[PDB]
file coords_23.cif (mmCIF, N, CA and C atoms and all ligand atoms)
data_work
#
loop_
_atom_site.label_atom_id
_atom_site.label_comp_id
_atom_site.auth_asym_id
_atom_site.auth_seq_id
_atom_site.Cartn_x
_atom_site.Cartn_y
_atom_site.Cartn_z
N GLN D 1 96.89 163.09 94.53
CA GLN D 1 95.78 162.14 94.42
C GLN D 1 94.43 162.80 94.66
N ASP D 2 94.45 163.86 95.46
CA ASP D 2 93.27 164.67 95.73
C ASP D 2 93.75 166.03 96.23
N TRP D 3 92.83 166.97 96.34
CA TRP D 3 93.19 168.35 96.70
C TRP D 3 93.84 168.44 98.10
N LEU D 4 93.29 167.76 99.10
CA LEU D 4 93.88 167.85 100.44
C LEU D 4 95.32 167.32 100.48
N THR D 5 95.56 166.20 99.80
CA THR D 5 96.92 165.64 99.76
C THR D 5 97.86 166.50 98.93
N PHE D 6 97.36 167.04 97.82
CA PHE D 6 98.16 167.97 97.03
C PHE D 6 98.64 169.14 97.89
N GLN D 7 97.74 169.74 98.67
CA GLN D 7 98.14 170.85 99.55
C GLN D 7 99.23 170.44 100.54
N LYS D 8 99.06 169.29 101.17
CA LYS D 8 100.05 168.81 102.12
C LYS D 8 101.40 168.58 101.44
N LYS D 9 101.37 168.07 100.21
CA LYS D 9 102.62 167.72 99.52
C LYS D 9 103.27 168.91 98.81
N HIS D 10 102.46 169.91 98.44
CA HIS D 10 102.95 170.92 97.50
C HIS D 10 102.68 172.38 97.76
N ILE D 11 102.09 172.70 98.91
CA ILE D 11 101.88 174.10 99.25
C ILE D 11 102.58 174.39 100.56
N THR D 12 103.44 175.41 100.57
CA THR D 12 104.14 175.80 101.79
C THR D 12 103.76 177.20 102.23
N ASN D 13 103.67 177.38 103.54
CA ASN D 13 103.45 178.73 104.06
C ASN D 13 104.73 179.50 104.37
N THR D 14 105.89 178.89 104.11
CA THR D 14 107.17 179.59 104.16
C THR D 14 108.02 179.27 102.92
N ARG D 15 108.69 180.28 102.39
CA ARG D 15 109.63 180.02 101.30
C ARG D 15 110.83 179.21 101.78
N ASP D 16 111.17 179.37 103.06
CA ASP D 16 112.34 178.73 103.61
C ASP D 16 111.95 177.39 104.20
N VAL D 17 111.63 176.48 103.29
CA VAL D 17 111.19 175.15 103.70
C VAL D 17 112.36 174.46 104.39
N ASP D 18 112.06 173.85 105.54
CA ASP D 18 113.04 173.07 106.28
C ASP D 18 113.06 171.67 105.69
N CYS D 19 113.77 171.53 104.58
CA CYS D 19 113.75 170.29 103.81
C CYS D 19 114.12 169.08 104.62
N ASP D 20 115.17 169.18 105.44
CA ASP D 20 115.62 167.99 106.18
C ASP D 20 114.59 167.50 107.17
N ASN D 21 113.78 168.41 107.70
CA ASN D 21 112.64 168.04 108.54
C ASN D 21 111.49 167.50 107.71
N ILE D 22 110.90 168.33 106.85
CA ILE D 22 109.68 167.92 106.17
C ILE D 22 109.88 166.69 105.29
N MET D 23 111.02 166.61 104.60
CA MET D 23 111.18 165.48 103.67
C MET D 23 111.30 164.13 104.38
N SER D 24 111.56 164.16 105.70
CA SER D 24 111.70 162.93 106.48
C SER D 24 110.37 162.45 107.05
N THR D 25 109.32 163.26 106.93
CA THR D 25 108.00 162.86 107.41
C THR D 25 107.38 161.83 106.46
N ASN D 26 106.37 161.11 106.95
CA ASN D 26 105.71 160.00 106.22
C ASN D 26 105.27 160.29 104.80
N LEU D 27 104.84 161.53 104.55
CA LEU D 27 104.32 161.87 103.25
C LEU D 27 105.38 161.86 102.17
N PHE D 28 106.61 162.19 102.57
CA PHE D 28 107.73 162.30 101.64
C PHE D 28 108.74 161.18 101.80
N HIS D 29 108.81 160.63 103.01
CA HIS D 29 109.62 159.44 103.32
C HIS D 29 111.01 159.42 102.67
N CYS D 30 111.73 160.55 102.76
CA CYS D 30 113.12 160.62 102.28
C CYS D 30 113.29 160.41 100.76
N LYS D 31 112.27 160.74 99.97
CA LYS D 31 112.38 160.67 98.50
C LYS D 31 113.36 161.72 97.96
N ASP D 32 113.81 161.55 96.72
CA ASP D 32 114.90 162.39 96.22
C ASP D 32 114.55 163.89 96.11
N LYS D 33 113.32 164.19 95.72
CA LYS D 33 112.95 165.57 95.35
C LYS D 33 111.49 165.89 95.65
N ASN D 34 111.21 167.14 95.99
CA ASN D 34 109.83 167.60 96.05
C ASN D 34 109.79 169.09 95.83
N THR D 35 108.79 169.54 95.08
CA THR D 35 108.62 170.97 94.81
C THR D 35 107.47 171.52 95.62
N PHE D 36 107.74 172.58 96.39
CA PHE D 36 106.66 173.26 97.12
C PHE D 36 106.35 174.60 96.49
N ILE D 37 105.07 174.97 96.53
CA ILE D 37 104.62 176.26 95.99
C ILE D 37 104.42 177.19 97.19
N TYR D 38 105.15 178.32 97.21
CA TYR D 38 105.03 179.26 98.31
C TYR D 38 103.90 180.21 97.98
N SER D 39 102.72 179.85 98.45
CA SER D 39 101.50 180.61 98.15
C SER D 39 100.43 180.18 99.10
N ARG D 40 99.44 181.04 99.30
CA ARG D 40 98.20 180.59 99.92
C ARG D 40 97.50 179.67 98.91
N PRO D 41 96.69 178.70 99.41
CA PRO D 41 96.08 177.72 98.50
C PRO D 41 95.09 178.23 97.46
N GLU D 42 94.41 179.34 97.76
CA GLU D 42 93.34 179.81 96.88
C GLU D 42 93.77 180.07 95.42
N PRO D 43 94.84 180.88 95.17
CA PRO D 43 95.22 181.04 93.75
C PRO D 43 95.76 179.76 93.10
N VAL D 44 96.23 178.82 93.91
CA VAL D 44 96.71 177.54 93.36
C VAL D 44 95.51 176.71 92.92
N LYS D 45 94.49 176.63 93.77
CA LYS D 45 93.30 175.86 93.41
C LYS D 45 92.68 176.39 92.12
N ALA D 46 92.72 177.71 91.95
CA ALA D 46 92.07 178.40 90.83
C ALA D 46 92.60 177.99 89.47
N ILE D 47 93.84 177.48 89.43
CA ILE D 47 94.42 176.97 88.19
C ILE D 47 93.46 175.98 87.52
N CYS D 48 92.75 175.19 88.33
CA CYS D 48 91.97 174.04 87.84
C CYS D 48 90.49 174.30 87.79
N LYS D 49 90.09 175.54 88.03
CA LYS D 49 88.66 175.87 88.00
C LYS D 49 88.01 175.34 86.72
N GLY D 50 86.86 174.67 86.86
CA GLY D 50 86.06 174.23 85.72
C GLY D 50 86.56 173.00 85.00
N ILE D 51 87.75 172.52 85.39
CA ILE D 51 88.33 171.32 84.77
C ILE D 51 87.80 170.10 85.50
N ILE D 52 87.03 169.28 84.80
CA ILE D 52 86.37 168.13 85.43
C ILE D 52 87.20 166.86 85.25
N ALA D 53 87.24 166.34 84.03
CA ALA D 53 88.09 165.21 83.69
C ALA D 53 89.56 165.63 83.80
N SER D 54 90.38 164.66 84.20
CA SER D 54 91.81 164.88 84.41
C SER D 54 92.51 165.50 83.21
N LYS D 55 93.26 166.57 83.46
CA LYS D 55 94.00 167.23 82.40
C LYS D 55 95.20 167.95 83.03
N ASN D 56 96.37 167.80 82.42
CA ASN D 56 97.53 168.60 82.85
C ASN D 56 97.41 170.04 82.39
N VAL D 57 97.64 170.99 83.31
CA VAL D 57 97.53 172.41 83.01
C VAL D 57 98.80 173.13 83.45
N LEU D 58 99.37 173.92 82.55
CA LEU D 58 100.49 174.80 82.90
C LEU D 58 99.96 176.16 83.34
N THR D 59 100.45 176.67 84.47
CA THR D 59 99.92 177.95 84.96
C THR D 59 100.14 179.06 83.93
N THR D 60 99.28 180.07 83.98
CA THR D 60 99.37 181.14 83.01
C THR D 60 100.43 182.19 83.38
N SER D 61 100.83 182.19 84.65
CA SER D 61 101.89 183.08 85.13
C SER D 61 102.68 182.39 86.23
N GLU D 62 103.63 183.12 86.78
CA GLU D 62 104.66 182.54 87.63
C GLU D 62 104.25 182.55 89.08
N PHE D 63 104.75 181.57 89.81
CA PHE D 63 104.63 181.50 91.28
C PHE D 63 106.02 181.31 91.91
N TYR D 64 106.08 181.55 93.22
CA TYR D 64 107.29 181.34 94.01
C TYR D 64 107.36 179.86 94.36
N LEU D 65 108.51 179.26 94.05
CA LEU D 65 108.71 177.83 94.26
C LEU D 65 109.89 177.56 95.17
N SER D 66 109.73 176.59 96.07
CA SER D 66 110.82 176.16 96.95
C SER D 66 111.03 174.66 96.76
N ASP D 67 112.17 174.30 96.21
CA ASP D 67 112.48 172.92 95.87
C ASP D 67 113.41 172.33 96.92
N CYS D 68 113.11 171.11 97.36
CA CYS D 68 114.03 170.35 98.19
C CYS D 68 114.67 169.28 97.31
N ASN D 69 115.97 169.38 97.11
CA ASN D 69 116.72 168.44 96.26
C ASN D 69 117.73 167.64 97.08
N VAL D 70 117.64 166.31 97.03
CA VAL D 70 118.53 165.53 97.89
C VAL D 70 120.00 165.60 97.45
N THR D 71 120.88 165.63 98.43
CA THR D 71 122.31 165.53 98.18
C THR D 71 122.68 164.05 98.13
N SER D 72 123.96 163.74 97.98
CA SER D 72 124.38 162.33 97.99
C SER D 72 124.43 161.72 99.41
N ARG D 73 124.17 162.53 100.45
CA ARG D 73 123.96 162.01 101.80
C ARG D 73 122.50 161.62 102.00
N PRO D 74 122.23 160.35 102.39
CA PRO D 74 120.85 159.90 102.53
C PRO D 74 119.94 160.87 103.28
N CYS D 75 118.87 161.30 102.61
CA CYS D 75 117.80 162.09 103.24
C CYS D 75 118.24 163.45 103.81
N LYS D 76 119.28 164.03 103.20
CA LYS D 76 119.75 165.38 103.52
C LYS D 76 119.73 166.18 102.22
N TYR D 77 119.12 167.37 102.31
CA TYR D 77 118.70 168.13 101.15
C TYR D 77 119.35 169.51 101.04
N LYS D 78 119.23 170.10 99.86
CA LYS D 78 119.47 171.55 99.69
C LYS D 78 118.21 172.21 99.19
N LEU D 79 117.94 173.40 99.71
CA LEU D 79 116.78 174.16 99.32
C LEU D 79 117.13 175.09 98.16
N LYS D 80 116.25 175.14 97.17
CA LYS D 80 116.39 176.09 96.07
C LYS D 80 115.11 176.89 95.90
N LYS D 81 115.24 178.22 95.92
CA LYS D 81 114.08 179.11 95.78
C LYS D 81 114.12 179.76 94.42
N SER D 82 112.97 179.81 93.75
CA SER D 82 112.91 180.40 92.41
C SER D 82 111.50 180.86 92.15
N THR D 83 111.29 181.48 90.99
CA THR D 83 109.93 181.68 90.47
C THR D 83 109.83 181.05 89.09
N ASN D 84 108.66 180.51 88.77
CA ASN D 84 108.42 179.90 87.46
C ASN D 84 106.94 179.57 87.33
N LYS D 85 106.52 179.30 86.10
CA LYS D 85 105.26 178.61 85.88
C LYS D 85 105.41 177.16 86.29
N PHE D 86 104.29 176.51 86.58
CA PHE D 86 104.37 175.09 86.87
C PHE D 86 103.14 174.38 86.36
N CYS D 87 103.24 173.06 86.30
CA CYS D 87 102.20 172.23 85.68
C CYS D 87 101.62 171.33 86.73
N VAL D 88 100.29 171.23 86.77
CA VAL D 88 99.63 170.31 87.70
C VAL D 88 98.63 169.47 86.93
N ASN D 89 98.25 168.33 87.50
CA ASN D 89 97.13 167.55 87.02
C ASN D 89 95.86 168.13 87.67
N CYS D 90 94.94 168.62 86.84
CA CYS D 90 93.66 169.13 87.33
C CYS D 90 92.60 168.06 87.20
N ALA D 91 91.83 167.87 88.27
CA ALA D 91 90.70 166.92 88.22
C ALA D 91 89.63 167.42 89.19
N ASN D 92 88.36 167.41 88.77
CA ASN D 92 87.28 167.89 89.63
C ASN D 92 87.59 169.26 90.24
N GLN D 93 88.13 170.15 89.40
CA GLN D 93 88.33 171.56 89.74
C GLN D 93 89.39 171.82 90.81
N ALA D 94 90.32 170.88 90.99
CA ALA D 94 91.42 171.10 91.95
C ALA D 94 92.69 170.45 91.43
N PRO D 95 93.85 171.04 91.77
CA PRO D 95 95.10 170.33 91.49
C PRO D 95 95.16 169.07 92.33
N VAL D 96 95.50 167.95 91.69
CA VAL D 96 95.62 166.70 92.43
C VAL D 96 96.98 166.04 92.33
N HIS D 97 97.82 166.50 91.40
CA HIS D 97 99.21 166.04 91.32
C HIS D 97 100.08 167.17 90.82
N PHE D 98 101.34 167.18 91.25
CA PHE D 98 102.30 168.12 90.73
C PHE D 98 103.04 167.45 89.58
N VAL D 99 103.04 168.09 88.41
CA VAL D 99 103.65 167.49 87.21
C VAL D 99 105.08 167.96 86.98
N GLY D 100 105.27 169.26 86.97
CA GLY D 100 106.61 169.78 86.77
C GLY D 100 106.71 171.27 86.87
N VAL D 101 107.95 171.74 86.79
CA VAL D 101 108.20 173.17 86.77
C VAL D 101 108.54 173.61 85.35
N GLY D 102 107.97 174.74 84.93
CA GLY D 102 108.30 175.33 83.62
C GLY D 102 107.57 174.70 82.45
N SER D 103 107.17 173.44 82.59
CA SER D 103 106.51 172.73 81.50
C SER D 103 105.72 171.55 82.03
N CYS D 104 104.72 171.13 81.26
CA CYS D 104 104.05 169.86 81.55
C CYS D 104 104.91 168.70 81.07
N1 LIG J 201 104.68 161.24 83.74
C1 LIG J 201 105.41 161.16 84.86
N2 LIG J 201 106.37 160.21 85.03
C2 LIG J 201 107.11 160.12 86.15
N3 LIG J 201 106.96 160.97 87.20
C3 LIG J 201 106.04 161.96 87.16
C4 LIG J 201 105.20 162.12 85.97
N4 LIG J 201 104.38 163.17 86.20
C5 LIG J 201 104.68 163.65 87.44
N5 LIG J 201 105.67 162.92 88.01
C6 LIG J 201 106.30 163.14 89.33
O1 LIG J 201 105.42 162.90 90.43
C7 LIG J 201 105.91 163.68 91.53
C8 LIG J 201 104.78 164.44 92.18
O2 LIG J 201 103.75 163.52 92.44
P1 LIG J 201 102.74 163.92 93.60
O3 LIG J 201 103.60 164.32 94.76
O4 LIG J 201 101.98 162.65 93.85
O5 LIG J 201 101.88 165.04 93.07
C9 LIG J 201 106.87 164.71 91.00
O6 LIG J 201 108.17 164.31 91.43
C10 LIG J 201 106.70 164.60 89.50
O7 LIG J 201 107.89 164.94 88.81
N1 LIG J 202 101.70 161.17 85.78
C1 LIG J 202 102.48 160.26 86.41
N2 LIG J 202 102.94 159.17 85.76
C2 LIG J 202 103.72 158.25 86.36
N3 LIG J 202 104.11 158.34 87.64
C3 LIG J 202 103.73 159.39 88.41
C4 LIG J 202 102.87 160.44 87.83
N4 LIG J 202 102.65 161.35 88.81
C5 LIG J 202 103.31 160.92 89.92
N5 LIG J 202 103.94 159.75 89.68
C6 LIG J 202 104.78 158.96 90.61
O1 LIG J 202 104.40 159.14 91.98
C7 LIG J 202 105.54 159.48 92.76
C8 LIG J 202 105.13 160.51 93.80
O2 LIG J 202 103.99 160.00 94.49
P1 LIG J 202 103.91 160.03 96.10
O3 LIG J 202 105.01 159.09 96.56
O4 LIG J 202 102.51 159.54 96.38
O5 LIG J 202 104.12 161.49 96.43
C9 LIG J 202 106.59 160.03 91.81
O6 LIG J 202 107.91 159.66 92.20
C10 LIG J 202 106.21 159.43 90.46
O7 LIG J 202 107.07 158.33 90.12
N1 LIG J 203 109.72 163.11 87.15
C1 LIG J 203 108.88 163.45 86.15
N2 LIG J 203 108.00 164.48 86.27
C2 LIG J 203 107.14 164.82 85.29
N3 LIG J 203 107.08 164.18 84.11
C3 LIG J 203 107.92 163.13 83.86
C4 LIG J 203 108.88 162.69 84.88
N4 LIG J 203 109.56 161.65 84.39
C5 LIG J 203 109.06 161.43 83.13
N5 LIG J 203 108.10 162.32 82.83
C6 LIG J 203 107.32 162.40 81.57
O1 LIG J 203 106.74 161.11 81.34
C7 LIG J 203 106.78 160.79 79.95
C8 LIG J 203 107.57 159.50 79.75
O2 LIG J 203 108.88 159.69 80.28
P1 LIG J 203 110.09 158.67 79.97
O3 LIG J 203 109.92 157.55 80.98
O4 LIG J 203 111.34 159.50 80.20
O5 LIG J 203 109.89 158.26 78.53
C9 LIG J 203 107.42 161.98 79.26
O6 LIG J 203 106.38 162.83 78.75
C10 LIG J 203 108.18 162.71 80.35
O7 LIG J 203 108.26 164.12 80.12
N1 LIG J 204 109.02 166.69 82.97
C1 LIG J 204 109.99 165.96 83.56
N2 LIG J 204 110.34 166.17 84.85
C2 LIG J 204 111.32 165.45 85.45
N3 LIG J 204 112.02 164.48 84.84
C3 LIG J 204 111.76 164.17 83.54
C4 LIG J 204 110.71 164.90 82.81
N4 LIG J 204 110.67 164.38 81.56
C5 LIG J 204 111.61 163.40 81.50
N5 LIG J 204 112.25 163.27 82.69
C6 LIG J 204 113.35 162.34 83.04
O1 LIG J 204 114.63 162.99 82.92
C7 LIG J 204 115.56 162.15 82.21
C8 LIG J 204 115.83 162.75 80.84
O2 LIG J 204 116.79 161.97 80.11
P1 LIG J 204 117.49 162.58 78.80
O3 LIG J 204 116.31 162.84 77.88
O4 LIG J 204 118.35 161.41 78.36
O5 LIG J 204 118.20 163.86 79.21
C9 LIG J 204 114.86 160.81 82.08
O6 LIG J 204 115.19 160.03 83.24
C10 LIG J 204 113.38 161.16 82.09
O7 LIG J 204 112.54 160.12 82.59
#

call {"tool": "encode", "arguments": {"input": "coords_23.cif", "output": "structure tokens"}}
result
Amino acid sequence: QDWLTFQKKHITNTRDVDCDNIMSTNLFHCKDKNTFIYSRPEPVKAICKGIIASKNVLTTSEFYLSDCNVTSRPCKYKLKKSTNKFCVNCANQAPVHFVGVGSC
């Protein structure tokens, strides 16, 4: 919805995200899935430089991604680590929503 919330929802300072902990917090509230980008925020913000009006943008190269995917046990997850391009909604020069991995 905005850059600060995007960072909280989608940028991790560890590849080894503790999914069962973080996904249970208010921001994620035990939802099925969330993708985190294992990176410092600066190169992530740069994806959207100069983009004013809302537009989906696929990154030009790959980043390290840590996905929390729910199992069939309520609010218990498995972590998956990978690299890929990813797509974000850019608005006012910052990522404000995570769209997808590999494609918009
Ligand atoms: N067009 C869409 N329809 C349904 N879900 C979407 C769409 N675009 C993005 N999402 C999902 O929204 C979630 C991320 O939203 P957010 O955490 O608010 O950035 C991800 O699970 C996305 O897969
Ligand atoms: N472009 C989009 N179109 C429709 N729904 C979306 C889109 N982006 C995010 N969402 C919805 O917002 C949810 C995530 O928002 P939040 O719960 O605020 O993290 C996802 O499960 C999606 O259903
Ligand atoms: N979870 C999601 N994340 C990102 N994009 C989505 C998601 N679910 C649906 N979409 C996109 O939203 C559009 C409509 O999806 P659908 O409801 O499957 O017809 C399509 O362009 C899908 O690729
Ligand atoms: N970019 C996307 N990310 C996540 N889920 C998606 C995306 N595009 C479509 N979907 C959902 O994934 C499922 C695809 O169904 P199908 O096309 O029958 O394999 C539908 O529930 C779509 O809403």

call {"tool": "atom_distance", "arguments": {"input": "coords_23.cif", "atom1": "atom CA of residue 43 of chain D", "atom2": "atom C8 of ligand LIG 201 (chain J)"}}
result
19.2 Å

call {"tool": "residues_around", "arguments": {"input": "coords_23.cif", "residues": "residue 61 of chain D", "least_positions_apart": "2", "cutoff": "8 Å", "atoms": "all atoms listed in the file", "output": "ChimeraX atom specification"}}
result
/D:58-59,63-64,83-86

call {"tool": "residues_near_ligand", "arguments": {"input": "coords_23.cif", "ligand": "ligand LIG 201 (chain J)", "cutoff": "7 Å", "atoms": "only N, CA and C atoms and all ligand atoms", "output": "PDB file with N, CA and C atoms, in the frame of the given file"}}
result
ATOM      1  N   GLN D   1      96.890 163.090  94.530  1.00  0.00           N
ATOM      2  CA  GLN D   1      95.780 162.140  94.420  1.00  0.00           C
ATOM      3  C   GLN D   1      94.430 162.800  94.660  1.00  0.00           C
ATOM      4  N   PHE D   6      97.360 167.040  97.820  1.00  0.00           N
ATOM      5  CA  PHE D   6      98.160 167.970  97.030  1.00  0.00           C
ATOM      6  C   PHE D   6      98.640 169.140  97.890  1.00  0.00           C
ATOM      7  N   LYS D   9     101.370 168.070 100.210  1.00  0.00           N
ATOM      8  CA  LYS D   9     102.620 167.720  99.520  1.00  0.00           C
ATOM      9  C   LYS D   9     103.270 168.910  98.810  1.00  0.00           C
ATOM     10  N   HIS D  10     102.460 169.910  98.440  1.00  0.00           N
ATOM     11  CA  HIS D  10     102.950 170.920  97.500  1.00  0.00           C
ATOM     12  C   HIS D  10     102.680 172.380  97.760  1.00  0.00           C
ATOM     13  N   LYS D  33     113.320 164.190  95.720  1.00  0.00           N
ATOM     14  CA  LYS D  33     112.950 165.570  95.350  1.00  0.00           C
ATOM     15  C   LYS D  33     111.490 165.890  95.650  1.00  0.00           C
ATOM     16  N   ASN D  34     111.210 167.140  95.990  1.00  0.00           N
ATOM     17  CA  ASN D  34     109.830 167.600  96.050  1.00  0.00           C
ATOM     18  C   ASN D  34     109.790 169.090  95.830  1.00  0.00           C
ATOM     19  N   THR D  35     108.790 169.540  95.080  1.00  0.00           N
ATOM     20  CA  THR D  35     108.620 170.970  94.810  1.00  0.00           C
ATOM     21  C   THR D  35     107.470 171.520  95.620  1.00  0.00           C
ATOM     22  N   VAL D  96      95.500 167.950  91.690  1.00  0.00           N
ATOM     23  CA  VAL D  96      95.620 166.700  92.430  1.00  0.00           C
ATOM     24  C   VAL D  96      96.980 166.040  92.330  1.00  0.00           C
ATOM     25  N   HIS D  97      97.820 166.500  91.400  1.00  0.00           N
ATOM     26  CA  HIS D  97      99.210 166.040  91.320  1.00  0.00           C
ATOM     27  C   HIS D  97     100.080 167.170  90.820  1.00  0.00           C
ATOM     28  N   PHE D  98     101.340 167.180  91.250  1.00  0.00           N
ATOM     29  CA  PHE D  98     102.300 168.120  90.730  1.00  0.00           C
ATOM     30  C   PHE D  98     103.040 167.450  89.580  1.00  0.00           C
ATOM     31  N   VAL D  99     103.040 168.090  88.410  1.00  0.00           N
ATOM     32  CA  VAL D  99     103.650 167.490  87.210  1.00  0.00           C
ATOM     33  C   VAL D  99     105.080 167.960  86.980  1.00  0.00           C
ATOM     34  N   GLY D 100     105.270 169.260  86.970  1.00  0.00           N
ATOM     35  CA  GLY D 100     106.610 169.780  86.770  1.00  0.00           C
ATOM     36  C   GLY D 100     106.710 171.270  86.870  1.00  0.00           C
TER      37      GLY D 100
END

call {"tool": "closest_residue", "arguments": {"input": "coords_23.cif", "among": "D:74, D:95, D:41, D:50", "to": "residue 2 of chain D", "atoms": "all atoms listed in the file"}}
result
D:95

call {"tool": "select_by_dssp", "arguments": {"input": "coords_23.cif", "residues": "chain D", "states": "strand (DSSP E)", "output": "PyMOL selection string"}}
result
chain D and resi 11-12+33-38+55-58+63-70+77-84+86-91+94-101

call {"tool": "write_last_selection", "arguments": {"input": "coords_23.cif", "atoms": "N, CA and C atoms", "output": "compact mmCIF listing (two decimals), keeping the file's coordinate frame"}}
result
# COMPACT_ATOMS: atom_id res chain seq x y z
N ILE D 11 102.09 172.70 98.91
CA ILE D 11 101.88 174.10 99.25
C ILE D 11 102.58 174.39 100.56
N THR D 12 103.44 175.41 100.57
CA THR D 12 104.14 175.80 101.79
C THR D 12 103.76 177.20 102.23
N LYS D 33 113.32 164.19 95.72
CA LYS D 33 112.95 165.57 95.35
C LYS D 33 111.49 165.89 95.65
N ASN D 34 111.21 167.14 95.99
CA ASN D 34 109.83 167.60 96.05
C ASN D 34 109.79 169.09 95.83
N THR D 35 108.79 169.54 95.08
CA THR D 35 108.62 170.97 94.81
C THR D 35 107.47 171.52 95.62
N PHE D 36 107.74 172.58 96.39
CA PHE D 36 106.66 173.26 97.12
C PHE D 36 106.35 174.60 96.49
N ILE D 37 105.07 174.97 96.53
CA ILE D 37 104.62 176.26 95.99
C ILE D 37 104.42 177.19 97.19
N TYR D 38 105.15 178.32 97.21
CA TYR D 38 105.03 179.26 98.31
C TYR D 38 103.90 180.21 97.98
N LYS D 55 93.26 166.57 83.46
CA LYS D 55 94.00 167.23 82.40
C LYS D 55 95.20 167.95 83.03
N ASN D 56 96.37 167.80 82.42
CA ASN D 56 97.53 168.60 82.85
C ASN D 56 97.41 170.04 82.39
N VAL D 57 97.64 170.99 83.31
CA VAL D 57 97.53 172.41 83.01
C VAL D 57 98.80 173.13 83.45
N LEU D 58 99.37 173.92 82.55
CA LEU D 58 100.49 174.80 82.90
C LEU D 58 99.96 176.16 83.34
N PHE D 63 104.75 181.57 89.81
CA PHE D 63 104.63 181.50 91.28
C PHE D 63 106.02 181.31 91.91
N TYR D 64 106.08 181.55 93.22
CA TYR D 64 107.29 181.34 94.01
C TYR D 64 107.36 179.86 94.36
N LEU D 65 108.51 179.26 94.05
CA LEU D 65 108.71 177.83 94.26
C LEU D 65 109.89 177.56 95.17
N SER D 66 109.73 176.59 96.07
CA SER D 66 110.82 176.16 96.95
C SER D 66 111.03 174.66 96.76
N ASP D 67 112.17 174.30 96.21
CA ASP D 67 112.48 172.92 95.87
C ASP D 67 113.41 172.33 96.92
N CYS D 68 113.11 171.11 97.36
CA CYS D 68 114.03 170.35 98.19
C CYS D 68 114.67 169.28 97.31
N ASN D 69 115.97 169.38 97.11
CA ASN D 69 116.72 168.44 96.26
C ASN D 69 117.73 167.64 97.08
N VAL D 70 117.64 166.31 97.03
CA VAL D 70 118.53 165.53 97.89
C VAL D 70 120.00 165.60 97.45
N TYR D 77 119.12 167.37 102.31
CA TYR D 77 118.70 168.13 101.15
C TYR D 77 119.35 169.51 101.04
N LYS D 78 119.23 170.10 99.86
CA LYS D 78 119.47 171.55 99.69
C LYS D 78 118.21 172.21 99.19
N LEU D 79 117.94 173.40 99.71
CA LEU D 79 116.78 174.16 99.32
C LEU D 79 117.13 175.09 98.16
N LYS D 80 116.25 175.14 97.17
CA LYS D 80 116.39 176.09 96.07
C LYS D 80 115.11 176.89 95.90
N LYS D 81 115.24 178.22 95.92
CA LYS D 81 114.08 179.11 95.78
C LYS D 81 114.12 179.76 94.42
N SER D 82 112.97 179.81 93.75
CA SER D 82 112.91 180.40 92.41
C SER D 82 111.50 180.86 92.15
N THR D 83 111.29 181.48 90.99
CA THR D 83 109.93 181.68 90.47
C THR D 83 109.83 181.05 89.09
N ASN D 84 108.66 180.51 88.77
CA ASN D 84 108.42 179.90 87.46
C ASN D 84 106.94 179.57 87.33
N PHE D 86 104.29 176.51 86.58
CA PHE D 86 104.37 175.09 86.87
C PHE D 86 103.14 174.38 86.36
N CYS D 87 103.24 173.06 86.30
CA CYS D 87 102.20 172.23 85.68
C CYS D 87 101.62 171.33 86.73
N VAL D 88 100.29 171.23 86.77
CA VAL D 88 99.63 170.31 87.70
C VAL D 88 98.63 169.47 86.93
N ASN D 89 98.25 168.33 87.50
CA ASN D 89 97.13 167.55 87.02
C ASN D 89 95.86 168.13 87.67
N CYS D 90 94.94 168.62 86.84
CA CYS D 90 93.66 169.13 87.33
C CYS D 90 92.60 168.06 87.20
N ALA D 91 91.83 167.87 88.27
CA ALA D 91 90.70 166.92 88.22
C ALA D 91 89.63 167.42 89.19
N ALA D 94 90.32 170.88 90.99
CA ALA D 94 91.42 171.10 91.95
C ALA D 94 92.69 170.45 91.43
N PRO D 95 93.85 171.04 91.77
CA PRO D 95 95.10 170.33 91.49
C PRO D 95 95.16 169.07 92.33
N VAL D 96 95.50 167.95 91.69
CA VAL D 96 95.62 166.70 92.43
C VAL D 96 96.98 166.04 92.33
N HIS D 97 97.82 166.50 91.40
CA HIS D 97 99.21 166.04 91.32
C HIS D 97 100.08 167.17 90.82
N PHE D 98 101.34 167.18 91.25
CA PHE D 98 102.30 168.12 90.73
C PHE D 98 103.04 167.45 89.58
N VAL D 99 103.04 168.09 88.41
CA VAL D 99 103.65 167.49 87.21
C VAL D 99 105.08 167.96 86.98
N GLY D 100 105.27 169.26 86.97
CA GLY D 100 106.61 169.78 86.77
C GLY D 100 106.71 171.27 86.87
N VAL D 101 107.95 171.74 86.79
CA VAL D 101 108.20 173.17 86.77
C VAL D 101 108.54 173.61 85.35

call {"tool": "closest_residue", "arguments": {"input": "coords_23.cif", "among": "D:55, D:73, D:45, D:80", "to": "residue 30 of chain D", "atoms": "only C-alpha atoms"}}
result
D:73

call {"tool": "atom_distance", "arguments": {"input": "coords_23.cif", "atom1": "atom CA of residue 18 of chain D", "atom2": "atom N of residue 77 of chain D"}}
result
9.2 Å

call {"tool": "axis_aligned_box", "arguments": {"input": "coords_23.cif", "around": "ligand LIG 203 (chain J)", "padding_each_side": "4 Å", "output": "AutoDock Vina command-line options"}}
result
--center_x 108.9 --center_y 161.2 --center_z 82.8 --size_x 13.0 --size_y 15.3 --size_z 16.6

call {"tool": "atom_distance", "arguments": {"input": "coords_23.cif", "atom1": "atom CA of residue 91 of chain D", "atom2": "atom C1 of ligand LIG 203 (chain J)"}}
result
18.6 Å

call {"tool": "residues_near_ligand", "arguments": {"input": "coords_23.cif", "ligand": "ligand LIG 204 (chain J)", "cutoff": "10 Å", "atoms": "only C-alpha atoms and all ligand atoms", "output": "list in words"}}
result
residues 87, 99, 100, 101, 102, 103 and 104 of chain D
